[PDB]
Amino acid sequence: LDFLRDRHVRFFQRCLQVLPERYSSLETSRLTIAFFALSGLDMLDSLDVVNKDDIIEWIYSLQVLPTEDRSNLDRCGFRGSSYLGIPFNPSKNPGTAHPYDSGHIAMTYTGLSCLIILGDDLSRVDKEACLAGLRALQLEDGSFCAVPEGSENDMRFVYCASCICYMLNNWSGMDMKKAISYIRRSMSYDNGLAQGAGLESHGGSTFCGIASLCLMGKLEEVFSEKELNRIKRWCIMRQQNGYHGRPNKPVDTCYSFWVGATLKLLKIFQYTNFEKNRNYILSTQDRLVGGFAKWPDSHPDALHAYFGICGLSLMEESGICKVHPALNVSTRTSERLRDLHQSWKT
């Protein structure tokens, strides 16, 4: 029907407030929920309804800073929350040593991302420590893990690594040649990109691969024109009305961004059917509580609310800022990031 803008603003506001225990599984990734909410409000031009200062302090309390003896550099970055019980410290004093305290790549990414959205200048971010932490996460095959203690490794984290290097405007955080190699090896026989070599190509991993290359400014250099044409074909074939993540799977609102953003980066989103996509996204809108679900008449969540809005943004919805398809923040935010980078180079 129509875009329930006000309701979504309230939805995101509630996400930043207090949640029922039924959401406990989000504990270690509260920072990404904050990101969906803040970046979502930013996208709707309503960051004024939140106290940017309080939130900035909270985010900084999540940074894993190097200890006095700097013997934990390989573990720096940001935590998803304070579940470890480390005493509140908004990146003021040094780092309180702890056997199992370290950053999580997706949190370092959404964390830095949130700081920029809120207006902070990243002066309290130990840039070198984060980059050291990032380097430690990369594997021999070029992909990344999420934490130094070990985890699964795939395209999702390659994207996080790329975003971090881009935001800190320093690529010493990764061995770019090896990352590119990983991205190439993930291309499937059907031409989409998978999470890793041999796996089923997917809309999410294709976005991560393509966006990473664009952030590195090496899209053209890595894939030939023929290859890019094949990838474009695979991506545009994902539209049914809304978009699905892989052949023969039902559509899900978030793919309007995962795939749509990829198509935008490949410069052919303009050739997709806007109306059917918009109609589908809006049909997953929760008219009562706000936010978007993956399917109509389904429960909404922060992730699908944010990506649904970004999907709408791709077609320039009346009332929604333009989204930077590769960085996943508002263009307004990417512009502010540009200034920040300029100001540092002095």
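Residue numbers run from 1 along the displayed sequence.
Here the stretch with the larger average CA B-factor, out of 80-88 and 105-113, is 80-88.
Note on 261-269 vs 69-77: mean CA B-factor is higher in 69-77. Residue set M155, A97, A161, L193: peak C-alpha B-factor at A97 (per PDB entry). Within the listed group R124, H202, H244, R233, the record reports its top CA B-factor for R124. In the PDB entry, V50 places in the highest third of its chain by CA B-factor.
When the modelled residues of the chain are ordered by C-alpha B-factor, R287 sits in the highest third.
The deposited CA B-factor of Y255 belongs to the lowest third of values across its chain. In the deposited entry, the Cα temperature factor of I281 sits in the bottom third of values across the chain's modelled residues. Ranked within its chain, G198 lands in the lowest third, by CA B factor from the PDB record.
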